[PDB]
Amino acid sequence: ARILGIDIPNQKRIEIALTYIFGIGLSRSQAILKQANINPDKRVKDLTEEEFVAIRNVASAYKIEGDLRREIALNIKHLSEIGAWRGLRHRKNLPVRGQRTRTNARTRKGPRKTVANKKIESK
Amino acid sequence: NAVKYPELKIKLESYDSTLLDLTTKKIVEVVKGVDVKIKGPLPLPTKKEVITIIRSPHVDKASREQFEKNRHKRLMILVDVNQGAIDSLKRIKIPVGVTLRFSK
Amino acid sequence: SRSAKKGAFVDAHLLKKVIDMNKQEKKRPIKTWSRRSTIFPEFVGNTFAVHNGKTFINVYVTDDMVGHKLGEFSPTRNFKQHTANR
Amino acid sequence: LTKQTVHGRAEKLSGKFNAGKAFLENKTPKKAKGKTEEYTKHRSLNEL
Amino acid sequence: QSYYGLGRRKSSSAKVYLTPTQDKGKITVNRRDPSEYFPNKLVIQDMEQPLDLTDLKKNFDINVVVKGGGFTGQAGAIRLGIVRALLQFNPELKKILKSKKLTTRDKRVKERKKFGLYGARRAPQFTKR
Amino acid sequence: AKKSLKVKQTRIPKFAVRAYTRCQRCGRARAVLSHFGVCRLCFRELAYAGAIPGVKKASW
Amino acid sequence: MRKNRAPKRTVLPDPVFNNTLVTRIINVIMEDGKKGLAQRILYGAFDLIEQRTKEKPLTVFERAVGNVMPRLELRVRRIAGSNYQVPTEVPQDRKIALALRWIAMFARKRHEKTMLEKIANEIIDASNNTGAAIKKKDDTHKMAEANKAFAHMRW
RNA sequence: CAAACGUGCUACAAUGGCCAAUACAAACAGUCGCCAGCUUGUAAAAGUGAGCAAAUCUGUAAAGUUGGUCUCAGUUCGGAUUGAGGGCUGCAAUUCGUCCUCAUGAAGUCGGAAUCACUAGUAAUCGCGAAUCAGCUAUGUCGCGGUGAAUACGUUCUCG
RNA sequence: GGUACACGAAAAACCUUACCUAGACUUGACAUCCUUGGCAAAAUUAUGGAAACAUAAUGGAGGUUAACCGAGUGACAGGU
Ligand SMILES: [Mg+2]
Ligand SMILES: [Mg+2]
Ligand SMILES: [Mg+2]
Ligand SMILES: [Mg+2]
Ligand SMILES: [Mg+2]
Ligand SMILES: [Mg+2]
Ligand SMILES: [Mg+2]
Ligand SMILES: [Mg+2]
Ligand SMILES: [Mg+2]
Ligand SMILES: [Mg+2]
Ligand SMILES: [Mg+2]
Ligand SMILES: [Mg+2]
Ligand SMILES: [Mg+2]
Ligand SMILES: [Mg+2]
Ligand SMILES: [Mg+2]
Ligand SMILES: [Mg+2]
Ligand SMILES: [Mg+2]
Ligand SMILES: [Zn+2]
């Protein structure tokens, strides 16, 4: 569309259109929606320039969606440049919190690389 | 003549049932041998506790027996008592198991 | 996570040694067993020997490490390579 | 062109450490174990 | 001359008051419109099942009090309650009502969960290995 | 190492969170019934002798 | 090995069109133990049938379901390799049951929109002998006609 | 933690997602507790504070009904993972507590060979309570109720 | 194997805990029997302390030693 480098779907309501932007989710979109007084349920294609200026200003007041990516990148670099045990644990692509790593937590380990289980000839 | 106690609300509860019935018959007989109008021996819901215990010592959680402990409960409200009843109330001797909840 | 009213936490044994050790110029690595103590701003510039479980690993605090817990910058267990089972 | 800096942490968290040091130096040994008290009996026949 | 019936189903009592009238039955449940007490998922007919096939023109005004259960269970209680009130007005009605088995307690209640089992009759998944 | 834990349990600790409940007959720590202060396998032996008034087997 | 014949629960006459069969198919489309939901879906399809076919909904439903209803059933009987089948005449109660079970299974797989319209199209599509249920009935029938020879030996 | 298996939870959706209003339980538990109402807070919760030693007071029933919207998309599905800010318990939450808010949005569109449970309030499903417990991704366990099916022709095969 | 694998464990942050690294103890943290006295153990505040533990403090319910607080003392206690 026209809001920064994001191209929000044209046949979709505005409160979901803001969610499609990277730095704006759903709850904050309603906050932008309510604060700007713009009524929901108005398809973005059927909107005028008067609303398009108020939303850009408030979006600019919040954290830029493009800057959050650099915000996440520095935090990992900030945690890794500290030498934290959580940082080392974040370093080797493993759960950073307390999740178990015995039989689960594959969403951070990608696909399974099947090895060869021990040979049991009986004892 | 006097009263000294309006609305004496005696409450009974015990783990056993038959002794509790026996206590209600003995209490009523003495208080009607004196001049008091009993409202009535009403039954209250019995609070039942259940504990689940595994039978086996080490393994096999599946085999678990059960136990129960019933708190049978009764209510008794006295309208007018007077000395004639209180002094006779001293010689009642309630079997240990039954527990009294006198509320004055 | 940790509440506001409570604030931070040090065992206050670490606090007494650090104030004495900061005043003294010839500072040497401080031997602390308290992995529970949060790194306080005044701690900056000192070095500590946290008990990893076996030995005392030396940590040099900076103006950046302020805020986390003193045991978070040291390990407790070690794993570096498996072995083919079959 | 640079707007100085708007980061640096410290300041905000610094108040949190100040709160913690005040609590630790405040610490009063108010050790206790309980709450409500009294009303603990099983009644009798008011004299047996 | 009113008549009283007490039905039950799934631990749900019922107090149905049958009053003779000649100005339309005016179905009523717990001082509220039937259309408001039930999801109106067509459940209203069931209770009238023994009051339909015989007759409803006698326009008996019903004063129902049900306390407990969900909504079909409460409905089950009042159907039995209407029939039990019905056994005081023309004991002949009983015969035909008995036929369809509309004068018997359903005797169907939820069983107790058993230890080692995932429910009343469920059981954990067995493994050959 | 049973007696010392039993003895330590009687002794008051230095922290409130340091207090746990142990069986009073044996020294078993886990599966202790706070309603009776007796573990599950002493409660079975004791229940099968009639020491606790009212604990009957349940049929529901 | 049982020697006992199971009892049968009542089928109940339908509460609207007074056509028992509606209650059975309601229970068939039942999912999640929702009596209400299933009724709503099904009854809603009749309103669409009125709007579309301009005819009585009960008449269309009987013409579709009775027509989809099969005649022969092939029972598997293995001896040594694969299975030689055996065509048998199904009882009337089971006869109706396969049609309703089949009507729902092909209704929950169509490329259409909300299953309300989905099931409505399936019932209207089976009144003209051109649908998904027809092909299934045709297929089992052709296998039975092909397997007419082994009908004498059953077990 | 390179991996493999078992038991469960959550899903891959319009019999649904979200929002608003709203009807109907049983059982159980409670004075270091249950906590009503009120005030503050986007919320977890905090403060005030009655009532209840209990058929009295407290522990919001949810599915369900109606209305609005989505219109079949890896999406208003799905919630993982990850970052930050908060709340509670506790000396103490990094190793290794959970809850809330915000941010991101993995896989997954019905699952191969082969397998499991169940004969009515049963299978399936929706909530509620208790035990151990200061607190606990117990989705476990033990209980209670709400809605509520389909099928059994027969012993030829299969296991015991 | 069926009859193990949401099993013992109806609650592993510390405690639990039985494991490892360390800092400390030896008729012992707990018990009896014996010669012998009781004019305490606690808890808490100080200093050193990772805390065990030490050195100083209010010297403590009570009942004259009942229970325990001890000394001496070898049989022994103790082992998840
Ligand atoms: Mg964990
Ligand atoms: Mg032992
Ligand atoms: Mg389960
Ligand atoms: Mg909807
Ligand atoms: Mg009242
Ligand atoms: Mg995909
Ligand atoms: Mg989702
Ligand atoms: Mg944490
Ligand atoms: Mg699809
Ligand atoms: Mg059976
Ligand atoms: Mg399910
Ligand atoms: Mg075995
Ligand atoms: Mg430890
Ligand atoms: Mg430990
Ligand atoms: Mg003295
Ligand atoms: Mg003496
Ligand atoms: Mg031994
Ligand atoms: Zn024991």
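In terms of determination method and resolution, the entry is listed under cryo-EM at 3.7 Å.

Turning our eyes to something else, we now look at unusual backbone geometry. A positive phi angle, near 70°, is found at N46(D), a position not held by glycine. Turning to its location among the elements, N46(D) is positioned in the segment after α1 (11-26). Judged by its relative accessible area of 45%, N46(D) falls in the partly exposed class. Phi at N129(G) takes a positive value of approximately 50°, unusual for a residue other than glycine. Among the structural elements, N129(G) can be located in the loop between α5 (115-126) and α6 (132-146).

This part takes up the protein's contact with RNA strand I. Surveying the vicinity of RNA strand I reveals 33 residues, the closest of which are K3(F), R11(F), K14(F), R18(F) and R40(F). When the atoms of RNA strand I within 4 Å of the protein are sorted by group, sugar and phosphate make up 68%. Within the side chain of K61(B), an N or O atom sits 2.6 Å from a phosphate oxygen of RNA strand I. Measuring from a phosphate oxygen of RNA strand I, one finds a side-chain N or O atom of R40(F) at 2.4 Å. Sorting the residues of the surface near RNA strand I by element identifies α1 (13-23) of chain C together with α1 (3-10) of chain F as the ones contributing at least two each. When residues in the surface near RNA strand I are grouped by element, the largest group, 4 residues, is from α1(F). By residue class, the composition of the surface near RNA strand I is 10 nonpolar, 5 polar and 18 charged.

Here we take up empty space enclosed by the protein. Residues and elements named next belong to chain A. Tallying each qualifying case throughout the model produces 3 cavities of 30 Å³ or more. One number sums up the size of the largest cavity: a volume of about 150 Å³. Partitioned by chemical class, the residues of the lining of the largest cavity number 9 nonpolar, 1 polar and 2 charged. Residue lining of the second largest cavity: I3, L18, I21, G23, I24, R28, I32, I55, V58, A59, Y62 and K63, and that is the complete set. For the lining of the second largest cavity, the element with the most residues is helix α3 (residues 49-61), which contributes 3 residues. Taken together, the residues of the lining of the second largest cavity break down into 9 nonpolar, 1 polar and 2 charged.

With that out of the way, let us pick up the coordination of the zinc ion (ligand 18). Where a metal carries four tetrahedral donors, each ideal angle is 109.5 degrees; where it carries six octahedral donors, the ideal angles are 90 or 180 degrees. For the zinc ion (ligand 18), the full set of protein donor atoms is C23(F) (SG), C26(F) (SG), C39(F) (SG) and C42(F) (SG), and the range of their distances to it is 2.4 to 2.5 Å. Around the zinc ion (ligand 18), the 4 donor atoms are arranged such that angles at the metal cover 93 to 119°; this shape is classified as tetrahedral.

Below, the discussion takes up the interface of chain F and chain B. With 16 residues of chain F in contact, the opposing surface of chain B contributes 15 residues. Of all residues in chain F, the largest losses of buried area upon contact with chain B belong to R40(F), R44(F) and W60(F), amounting jointly to 31% of the total for that side. Where chain F meets chain B, there are 0 salt bridges. The interface formed by chain F and chain B includes 3 residue pairs in polar contact. Looking at the side of chain F that touches chain B, the elements with two or more residues in it are α2 (40-47) and β3 (56-57) of chain F. Take the side of chain F that touches chain B: its biggest share by element is 5 residues, from α2(F). Across the side of chain F that touches chain B, the residue classes tally to 10 nonpolar, 2 polar and 4 charged. Direction of pairing for strand β3 (residues 64-80) of chain B relative to β3(F): antiparallel, over a ladder of 2 bridges. Bridge pairing in β3(F) places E68(B) opposite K56(F).

Residues and elements named next belong to chain E. When helix α2 (residues 44-53) is considered as a whole, its buried residues turn out to be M47, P50 and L51. Take α2 and look down its axis: the buried residues cluster within an arc of 100°, on one side only. In this fold, the buried residues of α2 make contact with α3 (72-86) and α4 (92-99).

Each pair of packed helices gets described by two things: the angle between the helix axes and the distance between those axes. Residues and elements named next belong to chain G. Direction vectors running N to C along helix α2 (residues 35-53) and helix α3 (residues 57-68) enclose 95°, while the axes themselves pass 9 Å from each other. As summarised for this structure, α2 and α3 are arranged roughly perpendicular, according to the angle between their axes. Of the residues in α3, those touching α2 at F46, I49 and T53 are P57, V60 and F61. Looking at the contact of α2 with α3 residue by residue, the class counts come to 5 nonpolar, 1 polar and no charged.

Right, let's talk about the interface of chain C and chain A for a bit. Contact with chain C, which involves 9 residues of that partner, is made by 11 residues of chain A. Of the roughly 920 Å² buried between chain C and chain A, counting both surfaces, carbon and sulfur atoms make up 54%. The tally of links from chain C across to chain A stands at 0 salt bridges. Put simply, chain C and chain A have 5 residue pairs in polar contact between them.

Contacts to RNA strand H come from 134 residues, most closely from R13(A), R64(B), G70(E), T72(E) and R122(E). Within the side chain of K109(A), a nitrogen or oxygen atom sits 2.6 Å from a phosphate oxygen of RNA strand H. A distance of 2.2 Å is found between a sugar or linking oxygen of RNA strand H and a side-chain nitrogen or oxygen belonging to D32(G). When residues in the surface near RNA strand H are grouped by element, the largest group, 6 residues, is from strand β2 (residues 42-54) of chain B. Here the residues of the surface near RNA strand H sort into 43 nonpolar, 36 polar and 55 charged.

Definitions and cut-offs
Residues numbered from 1 in each chain as written, not as in the entry; some residues may be left out. Chains lettered and ligands numbered in written order. Part of a larger assembly, values for the part shown. Heavy atoms only, no water. Helix = DSSP H or I, 4+ residues; strand = E, 2+ residues; numbered from the N terminus. Buried < 20%, exposed > 50% of the residue type's maximum accessible area, 1.4 Å probe, protein only. Near = heavy atom within 4 Å. Polar contact = N/O pair within 3.5 Å; in protein donor to acceptor, adjacent residues only side chain to side chain. Nonpolar A, V, L, I, M, F, W, Y, C, P; charged D, E, K, R; others polar. 1 Å grid on protein atoms, 1.4 Å probe; cavity = no way out; pocket = protein on both sides within 12 Å on 5 of 7 lines; lining within 4 Å. Points joined across faces, edges and corners; volume = space filled by probe spheres on them. Donors = N, O, S within 2.8 Å, 3.2 Å for Na, K, Ca; no water. Tetrahedral: all angles 85-135°; square planar, octahedral: opposite > 155°, others 65-115°. Contact = heavy atoms within 4.5 Å. Buried area = accessible area lost by both parts, 1.4 Å probe. Salt bridge = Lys/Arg side-chain N within 4 Å of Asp/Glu carboxyl O. Pairing = 2+ DSSP bridges. Arc of directions from axis to C-beta. Axes fitted to C-alpha atoms, helices over the stretch in contact; angles between N-to-C directions. Parallel < 35°, antiparallel > 145°, perpendicular 65-115°, else oblique.

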